[PDB]
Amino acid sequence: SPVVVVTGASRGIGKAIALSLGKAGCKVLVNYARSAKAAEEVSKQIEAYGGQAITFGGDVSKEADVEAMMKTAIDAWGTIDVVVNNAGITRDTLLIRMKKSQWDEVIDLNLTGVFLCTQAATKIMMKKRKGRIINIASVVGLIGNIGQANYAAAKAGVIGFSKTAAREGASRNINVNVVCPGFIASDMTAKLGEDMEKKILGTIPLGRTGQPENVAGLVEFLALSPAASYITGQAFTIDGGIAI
C-alpha cells in the first residue's frame, strides 16, 4: 500500500485525486488549509473504501508547515511513495492593474510552494531510492491567458522546475512529471463567473468542461502504474483540445 501525500485535498481536483487513490487502497495524507470539515469527510470516504487517511491542516507555502506535513506521514506510515503537489489559487487581473501582492501570492503558493513540497519529498525519496512526484500545472502555463500573467508565470515555472527536478532525481529512481489540465469544473472555475464560463465553452473542441475525476484518472495512472515508472520530466495535458 503506497503512501501518498496530496496537497489541497479538501476540495475540487485534489479531493477527486485523494478519493481515487484511496479507493485503490493507498494510505492518503489529505492536506487542507481552511476546509477542515471537508477534509475530514474525505478521510472518512477513503476509509469506507478501505484506504487509510490522516488529515493535516497546513499552509504549503510555508516551510514549517511543509516539513510538518511530511513528518506526519512519516510518523504514521514508514515513508512516502508519492507526492501530488495540487494546492493552488488564482488572483486574476490585467497586467496593467496588477498589484504586487496579487503577483506575490500566486507565485508564493503555486510556484515556491511546489518547490518546498518537492524538495521535502525528494530528500525522503532519495534515501529510499524510489518515489514519484506529480505537479499540477495548467495549460495556461503553456499558452498563456489574458488576465493571468501571475498564474501563467507560476504554472510555466512549475514546468521548468519539474524538468530539473526530474534530472536530479533520475539517479535515485525518482519520477517527476507534470499534469496540465484545461478548464475543469471546480470552485476555482466557478469564480470566473457564468457568462464567462459559457464563453470558454465554445473554445473547447470537445465542447465539454473537464471534471475533477478526469484529472484524477490521469494522476492515478502516473502515480500507480508500473508503466509510468518509465515516464519523467514530461507534461501531460488533459484539456479537451484547447492546447493542440
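Numbers follow the displayed sequence, beginning with 1.
Checked against the record, the higher mean CA B factor of 32-40 and 195-203 lies with 195-203.
When the C-alpha B-factors of 48-56 and 183-191 are averaged, 48-56 comes out higher. Take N135, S138, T112, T79 and read off each C-alpha B-factor from the entry; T79 has the highest. Out of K127, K155, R167, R91, it is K127 whose C-alpha atom has the highest B-factor in the PDB entry. Among the modelled residues of its chain, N86 has a C-alpha B-factor that falls in the lowest third, as given in the PDB entry.
Ranked by Cα temperature factor within the chain, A223 sits in the middle third according to the deposited record.
Annotation for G12: C-alpha temperature factor in the middle third relative to the rest of the modelled chain, per the entry. Split the chain's modelled residues into thirds by C-alpha temperature factor. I107 is in the lowest one. Residue-level temperature factors show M69 in the highest third of its chain, judged at the C-alpha atom.
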